[PDB]
Q: 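Structure in structure tokens, see below.
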There are 2 protein chains.
Amino acid sequence: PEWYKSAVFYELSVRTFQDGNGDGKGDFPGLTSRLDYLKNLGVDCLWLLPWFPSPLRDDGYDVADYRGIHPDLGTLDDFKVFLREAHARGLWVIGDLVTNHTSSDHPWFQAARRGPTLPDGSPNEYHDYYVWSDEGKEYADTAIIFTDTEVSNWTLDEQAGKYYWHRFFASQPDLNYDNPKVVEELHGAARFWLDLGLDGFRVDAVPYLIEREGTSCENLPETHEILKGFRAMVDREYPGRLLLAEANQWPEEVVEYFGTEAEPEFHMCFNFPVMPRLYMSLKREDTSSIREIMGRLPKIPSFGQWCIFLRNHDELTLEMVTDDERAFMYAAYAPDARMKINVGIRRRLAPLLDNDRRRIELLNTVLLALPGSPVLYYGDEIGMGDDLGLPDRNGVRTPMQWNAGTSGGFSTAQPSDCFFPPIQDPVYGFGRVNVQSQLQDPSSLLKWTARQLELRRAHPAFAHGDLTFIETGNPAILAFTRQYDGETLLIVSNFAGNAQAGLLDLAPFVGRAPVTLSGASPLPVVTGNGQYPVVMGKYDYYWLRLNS
Amino acid sequence: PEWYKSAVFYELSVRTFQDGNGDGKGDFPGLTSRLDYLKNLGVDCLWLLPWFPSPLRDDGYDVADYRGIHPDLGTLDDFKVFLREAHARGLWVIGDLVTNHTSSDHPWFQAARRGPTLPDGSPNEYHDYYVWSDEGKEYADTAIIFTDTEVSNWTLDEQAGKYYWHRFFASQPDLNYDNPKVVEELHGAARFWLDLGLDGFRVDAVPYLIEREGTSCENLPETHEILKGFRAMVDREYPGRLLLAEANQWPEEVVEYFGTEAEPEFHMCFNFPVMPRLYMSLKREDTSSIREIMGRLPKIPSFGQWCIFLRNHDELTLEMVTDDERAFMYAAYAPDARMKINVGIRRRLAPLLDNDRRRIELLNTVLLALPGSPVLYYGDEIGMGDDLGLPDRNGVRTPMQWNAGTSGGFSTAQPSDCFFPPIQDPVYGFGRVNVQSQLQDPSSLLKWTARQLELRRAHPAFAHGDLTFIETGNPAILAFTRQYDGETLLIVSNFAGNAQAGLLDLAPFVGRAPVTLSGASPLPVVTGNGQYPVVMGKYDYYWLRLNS
Ligand SMILES: [Ca+2]
Ligand SMILES: [Ca+2]
Ligand SMILES: [Mg+2]
Ligand SMILES: [Mg+2]
């Protein structure tokens, strides 16, 4: 198999992970000094949030130079040694390629806003890197994504006298991919980093590249074509490098970002459709919507692999659920108004689950056992909280909590001098929630997480096996099998907060002896009609091999 | 039913619970400010370690004045206000009457050590308050209790020129209960507190009062006759007040401390027999010893109620298990030789269980579901640790951890000026483990404990029902019923660290459906031969009711 299929991913922001020089901002030297923590946690590939020069109006997704390091984070040389030290430790690392827009401070946009022509009269080559309109009436049938900030996707640029298109913030003008030179510029941006040894890219906001009148301006055939070009380029020029897409769309649309066997697109896509049903199914003590949504995902190409996650640096997105589910999710997980932002909930894993260790463990085990390669959000392995007093999505991006010392060990500077303030509340503060205390706690969440990944690593069927749901006869209980090589895993999960009883339909398994992945504790052999009675306590998970 | 049968007890030491005035010693005004906390926790009866004047060589169990309060803890006025406030909240409170011995600083012993006649000529009537010997050869077939410190139960007083008897420290001379003046000195000491409104006494070291040649000096009929005289006096003079015996013995001797219907002794005896077997059954993943030791206990009288506990101010005693059981307990629970003391193990509950919250919950459910009245040791409801740097058994007696501020909120005095230092390690220190953050944490051990005690209070069968074990077919799984009034409870606990299957013998309940105590979710109806298949995950507990 290709490496990304057995990998575990870990998502972190250089700026909030480890400060290495005392200024209160994370940097690449600080990240390099913590590589062994990631190695020993059991992660294979680091996904770094954007590291580029940037006025940071959207925390680095507003790029002002695709081929440099933001000053906060150190230098291109610090980047280079970090890669050397990550590779030397058997760590793949991928960056975040922001294709759809730049910062308004980018050189290109600064030129482009001068207008169609320079003062001397000659044409302005950069004007058509962006999307311009005289009165901003095109593409009127389009969602606004950042509903709490942006009232329109067109903004009047004072100096050009014309409106420009932006799907995200006004300070993030969209790039015009009907211009072949723009396409070549981003081919070039990609080459610069993949030449430095970078192992591939998370590609940001891929459904929004091209816009056509008469359409949603989403998942257009033509934006797929550009993405095919990207893949073709790294297939010819950088074989083995990974392309990973963030496409938060309904299932029938997401799978298309894999392309076909004859025209490949992305190697991997984030499984956005499962992520909200997982939470919904917890509060509802009914798992049918997990199965229903998994059932709508068509098959994927031979190279394709799902990327499973629970949380990330963004809000918990409710863009791709129904009206009723969104309302349900809000009342269940956003009791307080400030927890909402842009059709979504800006909260961390542990607080969403009320810090209930048995729920955190339950969801993680489902994460680790569904088809695909999982990605952990930094700090969830120790149970970090959120700071909802911070604006936008910053509340889920506070510093890594490494110990109980100053600023949680993230920095020698004081907490009020750090880029985001380390969390210090009684429940989630670095006095209570920190890496060093979990390395000494025999039963910490950190040790549970590392051990559960190790369990996963010893059973290839979690990464490569097919998936078949099992009936169970109780909505609160989810059951499926993973089959790969000659091993059949059976995994059973109780989403109710009390004991539940089920009747698993193991008719194909009559004669097989279920045993326990941890210690091979025997269960009764499947007999008769193969309808198998199980009782489970609250939020239990049964990880079982079905011996033949 | 008498109040002590449905009460929840809470054991605390006034010196280490809450300092009210900043001097580093807990006191009665500070304890008074925490009564609301105990009330909300779900406790009914406070049991206070000895609060009397004393030089504290044995942390107060060496009493120098049976009718005062130790100046560290406040005044008698402060005590009276505390008692008044405790009763205003519906709490009962029992004290600790040390009957076997006194401090060698007690004025009785100071008079006595002068010898049998005074220098003014006249005889010294205090000389016969204690047990003297000319050479110390008597009662030689008697064990030493504090084997680590004492080499003999006799000691030479230089002033007296004779040896004197002591089951515990040389600083705790045994009182002579063949002297009738000693019996009445302790009746009056009991009377003094009962007159103040104290609801009862825990009686220290009841097995060791009377010594006799040619015996173990243990459980002697004469010491039983004295206890019938303590009970007779409380029955005639103070109806409804509680007598509670600390008697660590094998089951057939422990039940004698209840007395009989005709000749009552104690209302309650600590169930020292099961306590070691709960811990043995966890590491063995085999519960048969719980059932056997439970079966060796005869019916107790109508007024009697067992007192169930997990840990206490002392070591986990191994004095009444077999040699094989004791070697297993040491290997399992005292990896470090320094955790052993006096045929026991000096560690707190959470450390014993490797800070494993699933194991802590399991033992606490079993503790709340066996027959009796549970007593909780202060601090185990938040998961405190121990300090092996403290001598003797002081490591389990460190100050209560209320919040993350100065000395964990116990005191405004710095940690090093508190009577015992508050724990500050990374796993168990008050920055991590404290009451305030567990009140703010919706899924804390403190909230779980209070919720569990609320579920137990909702089902009187726990406090008053009979007990019947049932087969299960797997030693790892323990199951029993409690039946009282119309209600039958069914409790199933898995002591193994991975998932386990069983087959429950439920023949007497065919046609009845087990339903969940928490959230009325019903399990399948009991059918056929009533052999009922269950699966259970690691350390699961099933609190169930059996319908009609
Ligand atoms: Ca676009
Ligand atoms: Ca004695
Ligand atoms: Mg820095
Ligand atoms: Mg004080």
Side-chain angles (χ1 to χ4, degrees), chain B residues 12-17 20-21 23 25-31 46-83 93-114 124-131 157 159-160 164-177 179-206 208-209 226 230 233-234 238 246 313 397 419:
Chain B
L12 69 86
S13 161
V14 180
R15 196 135 29 224
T16 60
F17 203 61
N21 60 336
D23 72 8
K25 298 137 185 208
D27 44 60
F28 281 105
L31 163 61
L46 266 39
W47 154 35
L48 278 40
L49 272 35
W51 59 65
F52 316 96
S54 158
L56 302 186
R57 300 175 191 115
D58 188 33
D59 219 344
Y61 278 99
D62 53 322
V63 47
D65 170 13
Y66 282 105
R67 301 155 110 109
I69 94 103
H70 188 288
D72 285 354
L73 279 18
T75 69
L76 225 215
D77 284 354
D78 288 339
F79 169 89
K80 280 156 188 163
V81 173
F82 148 76
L83 250 184
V93 12
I94 61 175
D96 229 310
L97 192 65
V98 194
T99 43
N100 180 68
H101 48 265
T102 68
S103 183
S104 71
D105 292 4
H106 200 293
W108 292 341
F109 185 77
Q110 285 299 305
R113 65 192 304 265
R114 289 153 80 74
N124 183 7
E125 70 277 38
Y126 287 129
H127 186 75
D128 301 313
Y129 272 36
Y130 303 83
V131 181
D157 193 80
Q159 191 157 304
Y164 69 82
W165 182 247
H166 65 91
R167 297 313 303 252
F168 302 105
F169 289 136
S171 47
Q172 293 161 310
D174 267 49
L175 292 153
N176 176 19
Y177 279 90
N179 186 348
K181 263 146 90 81
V182 159
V183 185
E184 257 308 318
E185 291 272 19
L186 263 55
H187 283 31
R191 261 186 216 102
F192 178 84
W193 300 100
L194 301 176
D195 281 348
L196 287 192
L198 200 68
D199 300 279
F201 286 110
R202 192 215 77 150
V203 188
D204 185 30
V206 289
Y208 305 99
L209 301 160
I226 290 162
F230 268 82
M233 188 263 279
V234 312
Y238 307 95
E246 175 221 52
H313 58 292
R397 291 177 203 184
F419 187 75

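We name chains A, B, ... by the order of the sequence lines, and we start the count at 1 in each one.
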Q: Considering all heavy atoms of both residues, which atom of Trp47(B) and which atom of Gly95(B) are nearest to each other, and what is their separation?
A: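 Where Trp47(B) meets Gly95(B) most closely, the heavy atoms are CD1-O, 4.5 Å.
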Q: For a 4.5 angstrom cut-off between non-hydrogen side-chain atoms, does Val98(B) reach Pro50(B)?
A: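 Side-chain contact under 4.5 Å: yes.
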Q: Is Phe201(B) close to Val234(B) at the side-chain level, that is, under 4.5 Å between some pair of heavy atoms?
A: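 Answer no - side chains too far apart.
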Q: Measure the NE2-CG distance between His127(B) and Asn176(B) for me, rounded to the nearest 0.5 Å.
A: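 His127(B) atom NE2 to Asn176(B) atom CG measures 10.0 Å (nearest 0.5 Å).
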Q: From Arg113(B) CZ over to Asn124(B) CG, what is the distance, rounded to the nearest 0.5 angstrom?
A: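 Output value for this atom pair is 12.0 Å.
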Q: Under a 4.5 Å cut-off applied to non-hydrogen side-chain atoms, are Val14(B) and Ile69(B) in contact?
A: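 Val14(B) does not reach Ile69(B) side chain to side chain.
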Q: Main chain of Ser54(B), side chain of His70(B): is a donor-acceptor contact present, judged purely on distance under 3.5 Å?
A: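 The answer is yes, because a donor-acceptor pair under 3.5 Å joins these two groups.
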Q: Verify side chain to side chain contact (heavy atoms under 4.5 Å, CB included) between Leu186(B) and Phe230(B), making sure each step is shown before the conclusion.
A: CA-CA 9 Å; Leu186(B) 263 55; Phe230(B) 268 82; 3.6 Å; yes
Q: Is it the case that the side chain of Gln110(B) and the backbone of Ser104(B) share a donor-acceptor pair, with hydrogens and angles ignored and the cut-off at 3.5 Å?
A: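 Indeed, once roles are kept as given, a pair shorter than 3.5 Å links the two residues.
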Q: Where is the tightest heavy-atom contact between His166(B) and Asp174(B), given as atom of each residue plus distance?
A: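 Heavy-atom minimum between the residues: CA-OD1, 3.3 Å.
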Q: Parallel, tilted or perpendicular, judged at 30° and 60°: which one describes the rings of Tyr129(B) and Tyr126(B)?
A: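 The arrangement is perpendicular - the two ring planes meet at more than 60°.
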Q: What I'd like to find out is whether the side chain of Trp51(B) reaches to under 4.5 Å of the side chain of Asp96(B), using heavy atoms alone.
A: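 No, their side chains stay 4.5 Å or more apart.
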Q: Looking at every heavy atom in both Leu97(B) and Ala190(B), which two are closest together, and how far apart are they?
A: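 Smallest interatomic distance, heavy atoms only, reads CD2-CB, 4.1 Å.
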Q: Could you check whether any side-chain N or O of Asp199(B) sits under 3.5 Å from a backbone N or O of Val93(B), counting only pairs where one atom can act as donor and the other as acceptor?
A: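 Indeed, once roles are kept as given, a pair shorter than 3.5 Å links the two residues.
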Q: With a 4.5 Å cut-off on side-chain heavy atoms, are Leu49(B) and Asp59(B) touching?
A: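 In short, these two side chains do not touch, never coming nearer than 4.5 Å.
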Q: So that I can tick it off, tell me whether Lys181(B) and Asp128(B) are bridged by a salt bridge, with the cut-off set at under 4.0 angstrom between side-chain N and carboxylate O.
A: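 No, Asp128(B) and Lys181(B) are not salt-bridged.
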Q: With rounding to the nearest 0.5 Å, note down the distance linking CG in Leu198(B) to CZ in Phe192(B).
A: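 Rounded to the nearest 0.5 Å, the CG-CZ separation comes to 11.0 Å.
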Q: Mind checking whether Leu48(B) and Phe82(B) have side chains closer than 4.5 Å, heavy atoms only?
A: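 Sidechains of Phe82(B) and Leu48(B): in contact.
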Q: Would you say the rings of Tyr164(B) and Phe109(B) are close, in the sense that their centroids are separated by under 6.0 Å?
A: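 Yes, they do, as the ring centres are separated by less than 6.0 Å.
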Q: Checking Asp65(B) against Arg67(B) for the salt bridge (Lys or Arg N to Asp or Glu O under 4.0 Å) test, could you report, in this order, the C-alpha distance in whole Å, the side-chain angles of both residues, the deciding distance, and whether it holds?
A: CA-CA 6 Å; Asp65(B) 170 13; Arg67(B) 301 155 110 109; over 6 Å; no
Q: Judged by atom type as modelled, is there a donor-acceptor pair below 3.5 Å linking the side chain of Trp193(B) to the main-chain atoms of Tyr66(B)?
A: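 Yes, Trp193(B) side chain to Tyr66(B) backbone: donor-acceptor pair under 3.5 Å.
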Q: Between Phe419(B) and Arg15(B), is there a cation-pi geometry (under 6.0 Å to ring centre, at most 45° from the normal)?
A: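 Judged by the rule, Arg15(B) and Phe419(B) form a cation-pi pair.
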Q: Donor-acceptor check, side chain of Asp62(B) to backbone of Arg57(B), threshold 3.5 angstrom: yes or no?
A: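 Such a contact is found between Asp62(B) side chain and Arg57(B) backbone.
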Q: Can you tell me how far CG of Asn100(B) sits from OH of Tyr208(B), rounded to the nearest 0.5 angstrom?
A: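 The CG atom of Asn100(B) is 9.5 Å from OH of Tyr208(B), to the nearest 0.5 Å.
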Q: Of all the heavy-atom pairs spanning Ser103(B) and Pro173(B), show the shortest one and how long it is.
A: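 Here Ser103(B) and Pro173(B) meet closest at C-CD, 4.0 Å.
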Q: Before we go on, tell me: are the rings of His313(B) and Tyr61(B) under 6.0 Å apart, centre to centre?
A: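 Yes; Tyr61(B) has its ring centre under 6.0 Å from that of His313(B).
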Q: Any side-chain donor paired with an acceptor under 3.5 Å for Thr99(B) and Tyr177(B)?
A: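 No, no side-chain donor-acceptor pair sits under 3.5 Å.
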Q: Do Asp27(B) and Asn21(B) come within less than 4.5 Å of each other through their side chains, counting heavy atoms only?
A: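 They are in side-chain contact.
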Q: What's the shortest heavy-atom distance between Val63(B) and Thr102(B), and which atoms?
A: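 Shortest heavy-atom contact: O-CB, 3.6 Å.
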Q: Passes side chain to side chain donor-acceptor pair (under 3.5 Å), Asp195(B) versus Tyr238(B)? Steps please.
A: CA-CA 9 Å; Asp195(B) 281 348; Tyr238(B) 307 95; 2.6 Å; yes
Q: Would you indicate whether the side-chain heavy atoms of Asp204(B) and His101(B) approach each other to under 4.5 Å?
A: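 Yes - at least one pair of side-chain heavy atoms lies under 4.5 Å apart.
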